[PDB]
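>>> Below: the sequence, then the experimentally determined structure.
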There are 4 protein chains.
Amino acid sequence: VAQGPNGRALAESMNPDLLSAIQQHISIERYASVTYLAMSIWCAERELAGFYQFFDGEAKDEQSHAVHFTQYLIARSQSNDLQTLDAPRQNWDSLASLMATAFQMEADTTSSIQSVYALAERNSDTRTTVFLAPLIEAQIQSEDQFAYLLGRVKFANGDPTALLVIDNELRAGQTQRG
Amino acid sequence: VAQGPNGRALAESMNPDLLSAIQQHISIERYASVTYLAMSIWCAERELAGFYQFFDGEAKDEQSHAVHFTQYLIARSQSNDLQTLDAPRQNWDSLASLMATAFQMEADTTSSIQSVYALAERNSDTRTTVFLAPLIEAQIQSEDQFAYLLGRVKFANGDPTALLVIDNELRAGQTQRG
Amino acid sequence: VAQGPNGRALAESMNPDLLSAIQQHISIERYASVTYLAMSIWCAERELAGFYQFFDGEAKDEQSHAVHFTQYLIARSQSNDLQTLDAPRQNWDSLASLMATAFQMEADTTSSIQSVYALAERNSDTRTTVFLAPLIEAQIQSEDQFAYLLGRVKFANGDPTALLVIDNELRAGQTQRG
Amino acid sequence: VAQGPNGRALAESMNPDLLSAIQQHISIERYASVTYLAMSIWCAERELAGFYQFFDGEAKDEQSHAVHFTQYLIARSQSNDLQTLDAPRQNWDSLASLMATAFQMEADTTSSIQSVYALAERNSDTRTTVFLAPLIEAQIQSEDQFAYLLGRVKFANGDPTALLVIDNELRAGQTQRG
Ligand SMILES: [Cl-]
Ligand SMILES: [Cl-]
Ligand SMILES: [Cl-]
Ligand SMILES: [Cl-]
Ligand SMILES: [Fe+3]
Ligand SMILES: [Fe+3]
Ligand SMILES: [Fe+3]
Ligand SMILES: [Fe+3]
Ligand SMILES: [Fe+3]
Ligand SMILES: [Fe+3]
Ligand SMILES: [Fe+3]
Ligand SMILES: [Fe+3]
């Protein structure tokens, strides 16, 4: 039995380029987490308590997703490399602009997973493509959800009354089409 | 004992014109079903999740109504003839215009039942007039319901804020006067 | 953020050939649904009440599968295009011949999904291949189930007594190997 | 306030021809009851215990239907006239022949109600047409049920094994398509 780079027994070696791609994807999820924290704060500063609660939860969930990837590297006997985390964006001119950034961040998270998937496919690392499939499935639902929240906020057309109604929906947990 | 056209024992023969009228009415209900599916999709595309849920349910209910008619033909030992189904309308300029089409479709469904009823009356097929009576009763309630939804949406006068409030009513199941 | 063809925020563009393939596959599932309805009627006309109940349920389930695909297109910000639906086959000389058509229809449904899968793979649309995987898994179970029902009916060798016994199995919900 | 022929206060006079038609229809239902009793006995004599139990129940139900009509005449302040009851048929060469007689008797019961309905319509006695409508509705279900039992017995094609299986269905209460 051989030992992997993190010292555990090695079931199958992993290409270094794929390892680097997974490590950078963990950074993407960690950055999405702190971005959602920054969004939760922006919303709290404007008394949008439902949006604040929603994004506070999204920040915790994104961190959980990042940790899920760290556990996969442990399972593959690969080293983790927790990286420097950039400061998030913290200023937006409107809730609609913030929700646009949130949607783009969710789509960019999926793009990063897709890139890891394609590299695993090129390397015939089917443990990794199988591992990623349910995460891509979850990303489809998150993209559908964030397109719903963004589109509903844009429908409000900047009317505070409509934005208060949507804020109360989010506080109640009404956060997707259902 | 004689055998009916579908091969079962025949309680009483049915005029071929009335049979054709029932078969075409089944098509009307099947078409209403796919129209409500198209409406549910249009609403989902615009994040009107309550209207989407409402019309998704109406599509299933209209299909159930169609199947109820197929069972009546079986009970009368008559052949069914499931027909080609036209593509539904799929584009509307506004929720108010969609709800107008929905109301007209419900009224047109009743008109079709009324036409079958009148033909059964002319043929003294009292099994069929008796069978249709509770369906007409249900259509009165559906017309009242769709006049309520259409009128409430028109009252909103295209204001997104009012339409979000009504959307949330429908998501909660608040879909008639009560 | 860009807008997709159905107007929602677009996470990732979809090749038009793949969109057309998904739209036509929705038609395949809708056609399977109305075919199972026609089969349920054929069975009811011959007092095969268990087969009638089974196919009545299969018709509703196939429609649900079609709607599941419409929701995926909404999630991808793609337009749906609900198509004209052909009339189903409605005449069979025997239950064995009907079950053969049912099996072939289930296998043909899988073939259609496989074709969409292959096209998504060629386009590196991993959202779609991931989305389709559990549906293919479900199709394996449906093919196993319909091979079981067809084979059990063929084992009966046209004996009414054996067909009544199997009919009662289906009424009781005994519809697969288990 | 006027008094009706049975001595009670009279809400609305009834044409004597319609009264006679209702009184003779009560005889039709009473005769159906004793016919089902005779059928239950024929089945018991051949150890078809499920068919015996089914027809024993049908005899009681048909009597209840007859009494329901006697109550309507009381409600209309009309006299009842309980008539001589013919002896039922008691001999059949086969279960299939008995079930054919049973189906014809059910259809003949509906025909009798239809004839009363048509006469009430000609006399504009809308109390009576309204009273009869749910009874015609129930007759549609009974005709569907007896076409199912007759057709299933004919499918057996005289095989004792198949007839034992159907007999056990009836004992279990499995008496319609469901
Ligand atoms: Cl805004
Ligand atoms: Cl509107
Ligand atoms: Cl067969
Ligand atoms: Cl027989
Ligand atoms: Fe994530
Ligand atoms: Fe995310
Ligand atoms: Fe309807
Ligand atoms: Fe309707
Ligand atoms: Fe399917
Ligand atoms: Fe299928
Ligand atoms: Fe009766
Ligand atoms: Fe009867």
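On my side now, so go ahead. Numbers count the residues shown, from 1 in each chain, chains lettered A, B, ... in the order given. Ligands and ions are numbered 1, 2, ... in the order given.

>>> alpha carbons only for contacts and neighbour counts from here, please
OK.

>>> Can you show me the helices along chain A?
In chain A, the helices defined using DSSP state H lie at A:16-45, A:49-75, A:95-122, A:126-156, A:160-171.

>>> for those, which one sits closest to ligand 3?
Ligand 3 sits nearest to helix A:126-156 of all the helices of chain A, at 42.9 Å, using C-alpha to the ion.

>>> sorry, back to before: would you mind putting the helices of chain A into CSV with mean neighbour count and distance to residue D:162 alongside?
Below are the helices of chain A laid out as CSV (neighbours: other C-alpha atoms under 10 Å in any protein chain shown; distance: least, C-alpha to C-alpha, whole Å):
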stretch, mean neighbour count, distance to residue D:162
helix A:16-45, 21, 66
helix A:49-75, 19, 60
helix A:95-122, 20, 58
helix A:126-156, 20, 51
helix A:160-171, 19, 61
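
>>> Quick check: residues of chain A near chain B?
Neighbours of chain B within chain A, by C-alpha under 8 Å from any C-alpha of the partner chain: A:148-149, A:151-152, A:155-157, A:159, A:161-162, A:165, A:177-178.

>>> Try it again at 10 Å.
A:145, A:147-157, A:159-166, A:169, A:174, A:176-178 (C-alpha under 10 Å from any C-alpha of the partner chain).

>>> In chain A, which residue sits nearest ligand 4?
residue A:178 (55.1 Å).

>>> List the contacts of that residue.
Residue A:178 makes contacts with A:145, B:44, B:49, B:50, B:52, B:53, B:171, as judged by C-alpha atoms under 10 Å, 6 or more residues apart in numbering or on different chains.

>>> cool, residue A:123 as well?
A:14, A:15, A:17, A:18, A:117.

>>> Out of the helices of chain A, which gets nearest to residue C:30?
Of all the helices of chain A, the one in closest proximity to residue C:30, counting by C-alpha to C-alpha, is helix A:126-156 (23.8 Å).

>>> near chain C, anything from that closest one?
Yes. Under the criterion of C-alpha under 10 Å from any C-alpha, chain C is reached by helix A:126-156 at A:130, A:132-148, A:150-151.

>>> so which of those are also by ligand 4?
With C-alpha under 5 Å from the ion as the criterion, the residues of helix A:126-156 next to chain C include none near ligand 4.

>>> What parts of chain A come near ligand 1?
Contact residues (C-alpha under 5 Å from the ion) of chain A with ligand 1: A:94, A:95, A:96, A:158.

>>> Kindly recompute the last result at 8 Å.
Counting by C-alpha under 8 Å from the ion, the residues of chain A close to ligand 1 are A:94, A:95, A:96, A:97, A:153, A:154, A:156, A:157, A:158, A:159, A:163.

>>> which two in those are spaced the farthest apart?
Spanning the widest gap among those are A:97 and A:159, at 14.2 Å by C-alpha to C-alpha.

>>> For ligand 2, what's its nearest residue on chain A.
residue A:155 (11.9 Å).

>>> Not counting sequence-adjacent ones, nearest residue to that residue?
Nearest residue to residue A:155, sequence neighbours excluded (C-alpha to C-alpha, 6 or more residues apart in numbering or on different chains): residue B:160, at 6.4 Å.

>>> How about residue A:70?
residue A:80 (6.5 Å).

>>> Determine the number of other residues adjacent to that neighbour.
Counted with other C-alpha atoms under 10 Å in any protein chain shown, residues neighbouring residue A:80 total 19.

>>> cool, residue A:2 as well?
11.

>>> what residues are up against it?
So residue A:2 contacts A:8, A:9, A:10, A:11, A:12, A:13 (C-alpha under 10 Å, 6+ apart).

>>> how far away is residue A:102 from chain D?
52 Å (C-alpha to the nearest C-alpha, to the nearest Å).

>>> make that residue A:48, sorry
Shown here: residue A:48 relative to chain D, a distance of 54 Å by C-alpha to the nearest C-alpha.

>>> Please apply the same query to residue A:8.
61 Å.

>>> Quick check: the nearest residue to that residue once chain neighbours are set aside vs residue A:6, distance?
Nearest residue to residue A:8 in three dimensions, chain neighbours excluded: residue A:77, at 5.2 Å (C-alpha to C-alpha, 6+ apart). Distance from residue A:77 to residue A:6, counting by C-alpha to C-alpha, to the nearest Å: 5 Å.
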